[PDB]
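Here you get one chain, nothing else, as structure tokens; it is the form deposited in one PDB entry.
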């Protein structure tokens, strides 16, 4: 079944179904049945939202690490999440005609030029979440959506497929995307997310995962100890970025220094990106949905 992780901000005004006026019912393809709703009260009174009503889902609520919040071009937010009579209500940024990044990844072969675009928007999104106090731990393609124009929309919430004899865990993630210090349950600083960013990059460029074993135990061992062959068809710039992200010591990883994501934005792999034009949504995606 599905587990949603809501990273709540300090002073979250908890909600309930009576706080939302119902406006439309949509079929949104991969998103299924979505309700368009209008917030009735509180600071965001009159705001329009998407609503999902899930019947078999668990809710986990976590504190951010950490002003009125502003929309980011490459993030969709979970604004409210509450349970009622066996139903889980999700109040989300409305994402008209959105789709899944995994759907695009299955259909296309990414070139380095393609990957530069998607990873650039994702780096802006991921760093913005860091500034809001959200560390992903197991950032993965399931967290990445695409809007109707083809731009990245990183979800600011967690989503896991968690299965009674099995004891429950407060954090259940996908091992293939977890940094070593996360695998060890010994650290989970924002630097862990830049390792996962590297896994994403590697998977986009090669269509394969860098660390994968027969079972979750062998994958852990590889993340901690394997020496990986760097694919030689990759450009010198792509190889350099992967090497700098795939440092086992989180303190030595690109993105972990004081300038954070700027260490990544300055890397030669992204040298063609105009980060201001990118933030203004003025650069067209390689694929249009």
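Positions refer to the first chain, counted from 1. So that the term is clear: the rigid core is the largest set of C-alpha atoms that superpose within 1.5 Å between two forms.
Keep in mind that the form deposited in another entry is not shown, yet the notes after this line are about it.
- Residue shifts between this form and the one not shown, rigid core superposed: of 239, 47, 252, 221, the only C-alpha displaced by 2 Å or more belongs to 47.
- Relative to the superposed core, residue 180 undergoes a C-alpha shift smaller than 2 Å between this form and the one not shown.
- Once both forms are fitted on their rigid core, the CA atom of residue 190 lies less than 2 Å apart between this form and the one not shown.
- Shown in the overlay between this form and the one not shown, fitted on the rigid core, is a CA shift at residue 270 smaller than 2 Å.
- In the other entry, the Cα positions of residue 98 and residue 209 lie at least 3 Å nearer to each other than in the form displayed.
- The Cα-Cα distance between residue 207 and residue 98 is shortened by 3 Å or more in the other entry relative to the form shown here.
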